[PDB]
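Right, one structure below, let's go through it.
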Amino acid sequence: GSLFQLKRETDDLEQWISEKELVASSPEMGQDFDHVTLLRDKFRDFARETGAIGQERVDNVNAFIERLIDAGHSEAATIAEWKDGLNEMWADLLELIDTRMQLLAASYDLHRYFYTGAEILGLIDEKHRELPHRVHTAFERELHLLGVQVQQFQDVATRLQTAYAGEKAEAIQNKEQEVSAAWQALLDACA
């Protein structure tokens with residue numbers, strides 16, 4: 001009710017926001033596919049809960065300050081400033097969250113990419129070892145799917161490379177060339 005309580009309420013909330021910003025600012029993007037999977041899922045929960053709880057609190061402060069200003073409270077100037085600072089911190093936090101969410105998604109896709117690469121390297125391999133029938137048609141369709149999946153892998157490699165340079169980009173490209181060479185040798189193998 002009182003202005004002192006409003007101030008305190010505003011102060012506690014801004015303090016709460018500052019803590020959330022610390023979490024939303026984490027640089028940890030994960031070092032393997034499991035790790036990034038965990039970070040990504042954890043962050044989604046964090047963003048959702050933080051957003052919902054935070055927005056209600058900000059709204060309530062905004063509503064009460066706005067009513068007081070509307071009613072011509074003599075301290076409208078002081079409380080409007082409180083409102084402005086609060087809204088600026090909240091917006092900073094939301095931007096931090098959006099950013100981290102996107103970066104975690106990029107890291108997810110990158111680790112997923114290398115994870116798939118290995119999967120594919122093994123799969124072509126398991127299909128090269130078999131050097132031949134009645135199950136020819138199972139080999140036919142199966143093999144073709146790879147053509148499409150290796151094609152898909154190449155497509156991912158193409159997209160990811162526009163997101164990175166230097167060593168990361170090089171890593172992405174090396175893995176793609178390694179898969180394309182495995183595939184190419186398989187094809188050549190099967191006459």
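If you're wondering about the labels, chains in the structure tokens are A, B, ... by order shown, residues count from 1 in each chain, ligands from 1 in order shown.
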Contact check, stretch 139-167 of chain A to stretch 103-113 of chain A, at most 10 Å, counting only C-alpha atoms, closest pairs as a tab-separated table:
residue	atom	partner	partner_atom	distance
A:153	CA	A:113	CA	7.7
A:156	CA	A:113	CA	7.4
A:157	CA	A:113	CA	7.7
A:160	CA	A:110	CA	7.3
A:161	CA	A:110	CA	9.9
A:163	CA	A:106	CA	8.6
Dump N, CA and C atoms for the selected residues as a short mmCIF file (atom, residue, chain, number, x, y, z; two decimals), in the first residue's frame?
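Result file follows (part.cif):
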data_model
loop_
_atom_site.label_atom_id
_atom_site.label_comp_id
_atom_site.auth_asym_id
_atom_site.auth_seq_id
_atom_site.Cartn_x
_atom_site.Cartn_y
_atom_site.Cartn_z
N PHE A 153 22.53 -34.70 -44.46
CA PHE A 153 23.69 -34.39 -43.64
C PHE A 153 24.50 -33.29 -44.30
N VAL A 156 22.71 -30.00 -43.83
CA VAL A 156 22.95 -29.45 -42.51
C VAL A 156 24.34 -28.85 -42.46
N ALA A 157 25.34 -29.58 -42.97
CA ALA A 157 26.72 -29.09 -42.96
C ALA A 157 26.80 -27.73 -43.65
N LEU A 160 25.15 -25.07 -41.30
CA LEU A 160 25.89 -24.79 -40.07
C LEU A 160 27.12 -23.93 -40.36
N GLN A 161 27.78 -24.20 -41.48
CA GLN A 161 29.00 -23.49 -41.84
C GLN A 161 28.77 -21.98 -41.98
N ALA A 163 27.18 -20.34 -39.92
CA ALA A 163 27.09 -19.85 -38.52
C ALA A 163 28.43 -19.76 -37.80
#
Quick one: contact table of stretch 14-43 of chain A to stretch 80-102 of chain A, 8 Å max, nearest atom pair and distance in Å to one decimal per residue, counting only C-alpha atoms, chain and number order, as JSON lines?
{"residue": "A:14", "atom": "CA", "partner": "A:86", "partner_atom": "CA", "distance": 6.4}
{"residue": "A:17", "atom": "CA", "partner": "A:90", "partner_atom": "CA", "distance": 6.8}
{"residue": "A:18", "atom": "CA", "partner": "A:89", "partner_atom": "CA", "distance": 7.9}
{"residue": "A:20", "atom": "CA", "partner": "A:93", "partner_atom": "CA", "distance": 7.3}
{"residue": "A:21", "atom": "CA", "partner": "A:93", "partner_atom": "CA", "distance": 5.5}
{"residue": "A:24", "atom": "CA", "partner": "A:97", "partner_atom": "CA", "distance": 5.2}
{"residue": "A:25", "atom": "CA", "partner": "A:96", "partner_atom": "CA", "distance": 6.3}
{"residue": "A:26", "atom": "CA", "partner": "A:100", "partner_atom": "CA", "distance": 7.7}
{"residue": "A:40", "atom": "CA", "partner": "A:101", "partner_atom": "CA", "distance": 7.4}
{"residue": "A:43", "atom": "CA", "partner": "A:101", "partner_atom": "CA", "distance": 7.1}
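Taking only C-alpha atoms into account, residue A:117 lies nearest to A:179 out of the set A:131, A:138, A:165, A:179.
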Which residue out of A:79, A:63, A:29, A:187 has the minimum interatomic distance to residue A:4 when only C-alpha atoms are used? A:79
